[PDB]
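Beneath this line is the structure, given in structure tokens, with notes to follow.
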Ligand SMILES: CS(=O)(=O)Nc1ccc(Nc2ncc3cnn(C4CCCCCC4)c3n2)cn1
């Protein structure tokens, strides 16, 4: 591996905002298709995220579930780092949700199932993702769910997906990704996150006071799982397989 830019032709833009952009792109000589994140070194340490990115490449690259987006290599030049990324043909989950505004229960449970395994794997290797936002949940071609982003940690922007203990600031562990699974689960069937407000200030309270309600079209099966995960006291939360085990899941997923 010694990649310099001229080893690629760049396709259409893929997004995003925060750090620069992510591009469709193609390895000139094997004709390989990939996402090529381009991040200006300019706005990197000019923001202090740099060292908290190295040990997120670290984290990204030696990992390997099929339900986790893979990082191939990297490089840079004058400005900008370049992340050479697996490509997720069917786009993000954020956009599938806007498109269909809600998910059926067969589809949700599958997405949750896939998320557990990828998290359950992440948690054997003791790794904790922090933001499991739908912006970070891409889709493979078989429509497999693939986790993606960059705020991971050791053991032990919107708060919509964070749990109480974080937002205020306490000794946290892998019990965060399980609250995020709850927040997600809800968002999928309802289409909006259970703590949404129009301000960061409401949302903090809605989270602090665990303040959500279910629209009628939501089944006491799912109420039970989401109720269970989104408890305040971290130790209250199912462990990852007690989740997969959940009656409501199993009745509704792939395998
Ligand atoms: C616009 S869309 O409706 O969402 N279609 C779409 C979305 C994603 C992809 N593929 C893809 N593969 C790997 C990665 C790694 N990071 N990204 C980020 C791209 C920057 C925008 C934010 C999303 C994630 C990736 N995107 C293809 N098509």
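Observations
- Gyration tensor (Cα) of segment 203-255, equivalent ellipsoid semi-axes in angstrom: 22, 16, 7
- For segment 33-67 versus segment 206-255, the spacing of their alpha-carbon centroids is 32 Å.
- Measuring spread by the Cα atoms of segment 125-255 yields a radius of gyration and Dmax of 14.5, 41 Å.
- Residue 250 paired with residue 198, simple spin-label distance in nm, labels 7 Å along Cα-to-beta-carbon: 4.5
- The Cα-based radius of gyration and maximum Cα-Cα distance (Dmax) for segment 1-109 are 15.6, 49 Å.
- Relative contact order (percent, whole number), segment 7-87, Cα cutoff 8 Å, 6+ residue spacing: 26
- Note on residue 78 and residue 47: with the Förster distance fixed at 22 Å, the Cβ-Cβ geometry gives a FRET efficiency of about 0.75.
- Spin-label model, residue 211/residue 101: points 7 Å from Cα along the beta carbon direction are separated by 2.7 nm.
- Only helical runs count toward this figure. For the chain, summing -39,500 (n - 2.57) over DSSP H runs of n ≥ 4 and dividing by all residues gives -10000 deg cm²/dmol at 222 nm.
- For the chain, the Kirkwood radius over C-alpha pairs fed into Stokes-Einstein at 25 °C and 0.890 mPa s yields D = 128 µm² per second.
- At 0.890 mPa s and 25 °C, Stokes diffusion of segment 96-142 via Kirkwood alpha-carbon radius, µm² per second: 203
- Using only alpha carbons, segment 163-239 has a radius of gyration to Kirkwood radius ratio (Rg to Rh) of 0.95.
Ideal geometry is used to build each Cβ from the backbone, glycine not excepted, and the neighbour counts take in all protein chains shown. Read the figures in this text as sums done on the coordinates, not as results from a lab.
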